[PDB]
Amino acid sequence: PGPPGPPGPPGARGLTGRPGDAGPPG
Amino acid sequence: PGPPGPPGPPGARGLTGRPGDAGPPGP
Amino acid sequence: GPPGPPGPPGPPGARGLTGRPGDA
Amino acid sequence: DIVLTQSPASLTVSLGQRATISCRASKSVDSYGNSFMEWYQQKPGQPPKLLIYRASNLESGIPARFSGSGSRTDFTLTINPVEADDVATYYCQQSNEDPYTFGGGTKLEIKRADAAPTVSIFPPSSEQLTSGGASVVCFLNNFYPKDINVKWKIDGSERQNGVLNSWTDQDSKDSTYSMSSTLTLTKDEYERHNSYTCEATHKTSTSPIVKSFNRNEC
Amino acid sequence: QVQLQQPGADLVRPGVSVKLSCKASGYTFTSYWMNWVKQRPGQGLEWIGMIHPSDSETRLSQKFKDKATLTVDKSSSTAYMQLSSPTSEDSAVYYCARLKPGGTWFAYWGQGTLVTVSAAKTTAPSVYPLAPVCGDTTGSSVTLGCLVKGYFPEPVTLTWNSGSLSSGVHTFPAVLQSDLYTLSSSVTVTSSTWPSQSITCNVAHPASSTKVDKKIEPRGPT
Ligand SMILES: [Cl-]
């Protein structure tokens with residue numbers, strides 16, 4: 001019998017980050 | 001001994017991105 | 001000899017897009 | 001949004017020269033040691049085709065005449081030496097910040113030796129005549145520069161109405177342009193006249209190139 | 001081999017929702033984001049949004065948040081994008097696209113669907129052969145043509161001899177007049193080639209589900 005196969009393909013890009021803190025009033 | 005196994009499953013989603021930059025001050 | 005098992009899961013993908021900037 | 005400004009909008013380059021396309025970002029596209037800038041080539045009728053990823057990495061199957069440099073907010077696509085097949089529109093695109101955004105593009109046109117059009121005239125197909133319409137076609141092929149005029153004459157006189165002109169994009173092989181001019185009349189209009197003529201006027205000759213046929217003359 | 005299959009065309013009346021499809025093959029559909037991109041012919045590109053088919057997690061460009069709706073069907077490996085109440089500004093090519101696995105660059109692209117927003121009806125083309133003037137002089141080369149008339153909407157695809165005739169071919173971009181398009185193509189071969197060997201233009205019009213072959217014959221006298 002033989003050894004286990006190679007790793008699968010690389011995964012998807014991560015989720016996009018949360019928005020910035022909406023800037024302070026003038 | 002025989003052949004190597006098939007290739008694995010596709011990986012998981014990457015890390016979540018950086019939080020956006022703080023907004024500019026308003027008028 | 002018969003083939004081995006399927007391999008491990010692939011590595012995780014790249015990091016996500018940076019988030020949008022906050023409003024003015 | 002990260003805004004990408006490309007310069008110039010259009011670039012004319014002789015074969016074998018260096019072409020340089022610039023891309024500025026409104027803010028940095030660098031993150032954790034990587035420059036998130038892609039370059040694409042797009043030919044008419046096709047999706048964008050990836051040339052360069054992460055600012056400077058050649059995509060598989062892309063010739064080494066293409067190269068990319070820069071970081072932060074300034075990026076450059078270099079083509080050297082330019083080849084005929086490179087006629088296209090090129091785009092930068094940042095992949096750092098949501099949303100993905102593209103530059104406005106740069107059209108690469110090629111400068112070459114002047115060439116005179118090869119002109120061919122076609123009477124209406126008999127099949128079209130059964131529909132009650134009549135188109136005369138004139139092809140003006142493989143000329144340079146792009147500028148050209150076509151005149152249609154019916155019984156020796158330039159007459160109004162029914163014209164459709166179309167120009168190709170620069171040819172990916174000999175770097176020339178071609179033009180198609182179609183004059184459509186009704187079948188009855190077509191059959192009230194006998195001589196049909198297209199005249200092509202081009203930089204390369206003070207003399208127009210004239211192709212003509214007579215209806216029902218073989 | 002990774003494959004993203006999109007219909008060539010979609011025509012809607014102003015106000016009627018359009019739903020675009022992108023059928024995926026060659027990879028694990030549920031493992032990767034599907035991105036959508038808009039391009040008006042003659043202009044640049046805009047990223048619309050993306051969706052991850054495993055959990056239907058979604059990110060949309062703020063510009064498109066109230067315009068586009070992204071969904072998937074895991075069973076058929078198809079991504080859909082729906083556009084609400086379309087206007088003439090919605091007429092564009094729409095691509096589906098994918099990042100390279102583990103990467104951040106768009107390596108894979110569908111061919112695009114040309115969305116047309118118009119009250120004009122789907123009309124199949126008339127295809128006319130263009131053979132040289134009856135009784136004309138024979139040179140060392142000969143030019144043939146194919147005139148494609150009276151169709152709607154774009155696009156049509158044109159080949160010669162099923163694409164095996166590629167050299168010496170010029171295919172002219174479609175032009176619209178009073179609600180119908182015209183396209184033409186020319187081919188130049190040696191006089192030894194034609195009419196001894198057969199030359200046929202092939203015209204596909206996916207909007208009307210039509211394919212037409214027209215063989216170019218010499219003109220008969222009278
Ligand atoms: Cl992905």
# chains A, B, ... in the order shown; residues from 1 in each chain; ligands from 1

$ residues_near_ligand --ligand "ligand 1" --cutoff "7 Å" --atoms "only C-alpha atoms and all ligand atoms" --output "NGL selection string"
(:A and (11-13)) or (:E and (32-33 or 98-101))

$ write_last_selection --atoms "N, CA, C and O atoms" --output "PDB file, in the first residue's frame"
ATOM      1  N   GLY A  11      -6.890  27.570  -0.007  1.00  0.00           N
ATOM      2  CA  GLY A  11      -8.276  27.969   0.197  1.00  0.00           C
ATOM      3  C   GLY A  11      -8.604  29.349  -0.331  1.00  0.00           C
ATOM      4  O   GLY A  11      -7.754  30.027  -0.922  1.00  0.00           O
ATOM      5  N   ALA A  12      -9.846  29.760  -0.088  1.00  0.00           N
ATOM      6  CA  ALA A  12     -10.369  31.047  -0.535  1.00  0.00           C
ATOM      7  C   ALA A  12      -9.743  32.208   0.213  1.00  0.00           C
ATOM      8  O   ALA A  12      -9.291  32.046   1.340  1.00  0.00           O
ATOM      9  N   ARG A  13      -9.745  33.384  -0.411  1.00  0.00           N
ATOM     10  CA  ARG A  13      -9.360  34.601   0.290  1.00  0.00           C
ATOM     11  C   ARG A  13     -10.264  34.805   1.499  1.00  0.00           C
ATOM     12  O   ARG A  13     -11.445  34.445   1.468  1.00  0.00           O
TER      13      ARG A  13
ATOM     14  N   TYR E  32     -14.733  28.653  -3.080  1.00  0.00           N
ATOM     15  CA  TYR E  32     -14.115  29.917  -3.503  1.00  0.00           C
ATOM     16  C   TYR E  32     -15.115  30.998  -3.788  1.00  0.00           C
ATOM     17  O   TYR E  32     -16.204  30.706  -4.240  1.00  0.00           O
ATOM     18  N   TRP E  33     -14.739  32.250  -3.535  1.00  0.00           N
ATOM     19  CA  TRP E  33     -15.590  33.393  -3.870  1.00  0.00           C
ATOM     20  C   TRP E  33     -15.856  33.456  -5.373  1.00  0.00           C
ATOM     21  O   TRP E  33     -14.993  33.070  -6.184  1.00  0.00           O
ATOM     22  N   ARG E  98     -12.654  34.928 -10.824  1.00  0.00           N
ATOM     23  CA  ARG E  98     -12.132  34.283  -9.614  1.00  0.00           C
ATOM     24  C   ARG E  98     -10.683  34.629  -9.368  1.00  0.00           C
ATOM     25  O   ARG E  98      -9.885  34.727 -10.310  1.00  0.00           O
ATOM     26  N   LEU E  99     -10.351  34.796  -8.091  1.00  0.00           N
ATOM     27  CA  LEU E  99      -8.961  34.864  -7.647  1.00  0.00           C
ATOM     28  C   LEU E  99      -8.289  33.511  -7.859  1.00  0.00           C
ATOM     29  O   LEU E  99      -8.956  32.478  -7.860  1.00  0.00           O
ATOM     30  N   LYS E 100      -6.971  33.528  -8.044  1.00  0.00           N
ATOM     31  CA  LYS E 100      -6.193  32.293  -7.987  1.00  0.00           C
ATOM     32  C   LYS E 100      -6.283  31.727  -6.557  1.00  0.00           C
ATOM     33  O   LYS E 100      -6.150  32.478  -5.590  1.00  0.00           O
ATOM     34  N   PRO E 101      -6.555  30.415  -6.413  1.00  0.00           N
ATOM     35  CA  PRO E 101      -6.560  29.825  -5.072  1.00  0.00           C
ATOM     36  C   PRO E 101      -5.327  30.260  -4.271  1.00  0.00           C
ATOM     37  O   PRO E 101      -4.214  30.227  -4.797  1.00  0.00           O
TER      38      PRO E 101
END

$ closest_atom_pairs --of "chain A" --to "chain D" --cutoff "10 Å" --atoms "only C-alpha atoms" --output "JSON lines"
{"residue": "A:16", "atom": "CA", "partner": "D:98", "partner_atom": "CA", "distance": 7.0}
{"residue": "A:17", "atom": "CA", "partner": "D:98", "partner_atom": "CA", "distance": 8.3}
{"residue": "A:18", "atom": "CA", "partner": "D:98", "partner_atom": "CA", "distance": 9.9}
{"residue": "A:19", "atom": "CA", "partner": "D:98", "partner_atom": "CA", "distance": 9.3}

$ closest_residue --among "D:127, D:30, D:191, D:59" --to "residue 215 of chain D" --atoms "only C-alpha atoms"
D:191

$ interface_residues --of "chain D" --to "chain C" --cutoff "12 Å" --atoms "only C-alpha atoms" --output "mmCIF file with N, CA and C atoms, in the first residue's frame"
data_model
loop_
_atom_site.group_PDB
_atom_site.id
_atom_site.type_symbol
_atom_site.label_atom_id
_atom_site.label_comp_id
_atom_site.auth_asym_id
_atom_site.auth_seq_id
_atom_site.Cartn_x
_atom_site.Cartn_y
_atom_site.Cartn_z
ATOM 1 N N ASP D 1 -12.824 54.733 -1.479
ATOM 2 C CA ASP D 1 -12.254 54.008 -2.653
ATOM 3 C C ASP D 1 -10.798 54.419 -2.906
ATOM 4 N N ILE D 2 -9.959 53.446 -3.249
ATOM 5 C CA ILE D 2 -8.637 53.754 -3.778
ATOM 6 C C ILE D 2 -8.790 54.048 -5.274
ATOM 7 N N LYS D 27 -4.123 56.195 -2.393
ATOM 8 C CA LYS D 27 -3.428 55.790 -1.182
ATOM 9 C C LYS D 27 -2.714 54.460 -1.427
ATOM 10 N N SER D 28 -1.828 54.100 -0.501
ATOM 11 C CA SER D 28 -0.950 52.944 -0.638
ATOM 12 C C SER D 28 -1.715 51.641 -0.799
ATOM 13 N N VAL D 29 -1.169 50.750 -1.614
ATOM 14 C CA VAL D 29 -1.749 49.422 -1.799
ATOM 15 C C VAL D 29 -0.837 48.324 -1.255
ATOM 16 N N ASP D 30 0.162 48.740 -0.460
ATOM 17 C CA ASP D 30 1.089 47.836 0.219
ATOM 18 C C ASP D 30 0.524 47.342 1.535
ATOM 19 N N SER D 31 0.701 46.049 1.782
ATOM 20 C CA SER D 31 0.235 45.446 3.012
ATOM 21 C C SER D 31 1.129 44.284 3.372
ATOM 22 N N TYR D 32 1.662 44.317 4.593
ATOM 23 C CA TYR D 32 2.484 43.226 5.115
ATOM 24 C C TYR D 32 3.574 42.718 4.151
ATOM 25 N N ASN D 34 3.749 43.103 0.872
ATOM 26 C CA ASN D 34 3.280 42.830 -0.491
ATOM 27 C C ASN D 34 2.611 44.043 -1.117
ATOM 28 N N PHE D 36 -0.213 45.057 -3.569
ATOM 29 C CA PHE D 36 -1.411 44.468 -4.142
ATOM 30 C C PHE D 36 -1.845 45.159 -5.443
ATOM 31 N N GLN D 94 -6.008 47.547 -8.119
ATOM 32 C CA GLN D 94 -5.553 47.267 -6.746
ATOM 33 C C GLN D 94 -6.430 46.212 -6.069
ATOM 34 N N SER D 95 -5.784 45.368 -5.269
ATOM 35 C CA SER D 95 -6.444 44.258 -4.612
ATOM 36 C C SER D 95 -6.198 44.278 -3.090
ATOM 37 N N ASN D 96 -5.955 45.475 -2.565
ATOM 38 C CA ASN D 96 -5.630 45.679 -1.154
ATOM 39 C C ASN D 96 -6.880 45.996 -0.331
ATOM 40 N N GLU D 97 -7.704 46.903 -0.852
ATOM 41 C CA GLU D 97 -8.778 47.495 -0.077
ATOM 42 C C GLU D 97 -10.114 47.329 -0.777
ATOM 43 N N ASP D 98 -11.125 47.034 0.031
ATOM 44 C CA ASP D 98 -12.501 46.913 -0.412
ATOM 45 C C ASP D 98 -13.013 48.308 -0.739
ATOM 46 N N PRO D 99 -13.565 48.517 -1.946
ATOM 47 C CA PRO D 99 -13.737 47.557 -3.052
ATOM 48 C C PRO D 99 -12.531 47.499 -3.991
ATOM 49 N N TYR D 100 -12.306 46.352 -4.640
ATOM 50 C CA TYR D 100 -11.357 46.282 -5.763
ATOM 51 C C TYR D 100 -11.660 47.435 -6.703
ATOM 52 N N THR D 101 -10.619 48.071 -7.219
ATOM 53 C CA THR D 101 -10.780 49.202 -8.137
ATOM 54 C C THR D 101 -9.751 49.141 -9.263
#

$ residues_around --residues "segment 129-135 of chain D" --least-positions-apart "4" --cutoff "6 Å" --atoms "only C-alpha atoms" --output "ChimeraX atom specification"
/D:124,183-187

$ residues_around --residues "residue 171 of chain D" --least-positions-apart "3" --cutoff "9 Å" --atoms "only C-alpha atoms" --output "VMD selection string"
(chain D and resid 84 to 85 87 142 168 174 to 178) or (chain E and resid 170)

$ select_by_dssp --residues "segment 58-218 of chain E" --states "strand (DSSP E or B)" --output "number ranges by chain"
E: 58-60, 68-73, 78-83, 92-99, 106-109, 113-117, 123, 126-130, 141-152, 157-160, 169-177, 180-190, 200-205, 210-215

$ write_last_selection --atoms "C-alpha atoms" --output "JSON list (two decimals), in the first residue's frame"
[["chain", "number", "residue", "atom", "x", "y", "z"],
["E", 58, "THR", "CA", -21.60, 38.38, 0.57],
["E", 59, "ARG", "CA", -19.78, 41.67, -0.04],
["E", 60, "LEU", "CA", -21.18, 44.29, -2.36],
["E", 68, "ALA", "CA", -27.46, 43.82, -7.41],
["E", 69, "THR", "CA", -28.47, 40.58, -5.69],
["E", 70, "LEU", "CA", -26.05, 37.64, -5.55],
["E", 71, "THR", "CA", -27.11, 34.04, -5.01],
["E", 72, "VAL", "CA", -25.78, 30.55, -5.80],
["E", 73, "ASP", "CA", -27.10, 27.09, -6.53],
["E", 78, "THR", "CA", -23.98, 28.11, -10.68],
["E", 79, "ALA", "CA", -23.62, 31.68, -9.45],
["E", 80, "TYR", "CA", -26.36, 34.17, -10.22],
["E", 81, "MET", "CA", -26.49, 37.94, -10.22],
["E", 82, "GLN", "CA", -29.82, 39.75, -10.40],
["E", 83, "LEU", "CA", -30.14, 43.43, -11.34],
["E", 92, "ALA", "CA", -22.92, 46.48, -20.06],
["E", 93, "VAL", "CA", -20.84, 43.36, -20.29],
["E", 94, "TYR", "CA", -20.96, 41.51, -16.95],
["E", 95, "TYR", "CA", -18.14, 39.04, -16.10],
["E", 96, "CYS", "CA", -17.93, 36.49, -13.40],
["E", 97, "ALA", "CA", -14.30, 36.12, -12.16],
["E", 98, "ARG", "CA", -12.13, 34.28, -9.61],
["E", 99, "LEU", "CA", -8.96, 34.86, -7.65],
["E", 106, "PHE", "CA", -8.09, 37.62, -10.79],
["E", 107, "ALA", "CA", -6.65, 34.66, -12.73],
["E", 108, "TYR", "CA", -9.97, 33.35, -14.10],
["E", 109, "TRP", "CA", -12.62, 35.15, -16.10],
["E", 113, "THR", "CA", -22.71, 38.41, -20.76],
["E", 114, "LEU", "CA", -23.73, 41.48, -22.78],
["E", 115, "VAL", "CA", -26.79, 42.83, -21.02],
["E", 116, "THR", "CA", -28.90, 45.00, -23.32],
["E", 117, "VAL", "CA", -31.66, 47.16, -21.84],
["E", 123, "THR", "CA", -34.36, 39.44, -34.08],
["E", 126, "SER", "CA", -29.97, 37.68, -42.21],
["E", 127, "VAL", "CA", -26.68, 36.46, -43.60],
["E", 128, "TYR", "CA", -25.64, 37.31, -47.15],
["E", 129, "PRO", "CA", -22.70, 35.87, -49.12],
["E", 130, "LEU", "CA", -20.46, 38.41, -50.93],
["E", 141, "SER", "CA", -5.65, 36.83, -54.66],
["E", 142, "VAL", "CA", -9.42, 37.00, -54.19],
["E", 143, "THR", "CA", -11.52, 38.70, -51.53],
["E", 144, "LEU", "CA", -14.80, 37.26, -50.25],
["E", 145, "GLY", "CA", -17.33, 38.57, -47.79],
["E", 146, "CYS", "CA", -20.18, 37.91, -45.47],
["E", 147, "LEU", "CA", -22.79, 40.58, -44.61],
["E", 148, "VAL", "CA", -24.75, 40.13, -41.37],
["E", 149, "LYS", "CA", -27.81, 42.26, -41.24],
["E", 150, "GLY", "CA", -30.99, 43.02, -39.29],
["E", 151, "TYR", "CA", -30.22, 41.46, -35.92],
["E", 152, "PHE", "CA", -30.79, 42.36, -32.26],
["E", 157, "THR", "CA", -19.85, 35.60, -33.54],
["E", 158, "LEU", "CA", -18.48, 35.07, -37.09],
["E", 159, "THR", "CA", -15.96, 32.48, -38.31],
["E", 160, "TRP", "CA", -14.91, 31.13, -41.72],
["E", 169, "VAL", "CA", -9.72, 37.71, -42.22],
["E", 170, "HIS", "CA", -11.16, 41.06, -41.08],
["E", 171, "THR", "CA", -14.29, 41.09, -38.93],
["E", 172, "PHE", "CA", -15.84, 44.51, -38.51],
["E", 173, "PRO", "CA", -17.51, 45.56, -35.24],
["E", 174, "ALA", "CA", -21.30, 45.73, -35.26],
["E", 175, "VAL", "CA", -23.02, 49.09, -35.83],
["E", 176, "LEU", "CA", -26.61, 49.86, -34.74],
["E", 177, "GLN", "CA", -29.05, 51.76, -36.96],
["E", 180, "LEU", "CA", -31.03, 46.70, -35.87],
["E", 181, "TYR", "CA", -27.31, 45.79, -36.07],
["E", 182, "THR", "CA", -25.14, 45.09, -39.08],
["E", 183, "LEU", "CA", -21.79, 43.34, -39.01],
["E", 184, "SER", "CA", -19.54, 42.22, -41.84],
["E", 185, "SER", "CA", -16.40, 40.20, -42.42],
["E", 186, "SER", "CA", -14.00, 39.76, -45.31],
["E", 187, "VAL", "CA", -11.54, 37.02, -46.15],
["E", 188, "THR", "CA", -8.68, 37.11, -48.64],
["E", 189, "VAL", "CA", -7.22, 33.93, -50.12],
["E", 190, "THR", "CA", -5.19, 32.98, -53.20],
["E", 200, "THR", "CA", -18.28, 29.18, -45.70],
["E", 201, "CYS", "CA", -19.00, 31.94, -43.14],
["E", 202, "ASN", "CA", -20.57, 30.73, -39.88],
["E", 203, "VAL", "CA", -22.66, 33.17, -37.87],
["E", 204, "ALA", "CA", -23.80, 32.56, -34.30],
["E", 205, "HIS", "CA", -26.44, 34.70, -32.64],
["E", 210, "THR", "CA", -29.42, 30.80, -34.13],
["E", 211, "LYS", "CA", -26.44, 29.52, -36.08],
["E", 212, "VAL", "CA", -26.27, 30.16, -39.86],
["E", 213, "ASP", "CA", -23.78, 28.74, -42.38],
["E", 214, "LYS", "CA", -23.50, 30.51, -45.73],
["E", 215, "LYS", "CA", -21.29, 29.02, -48.41]]
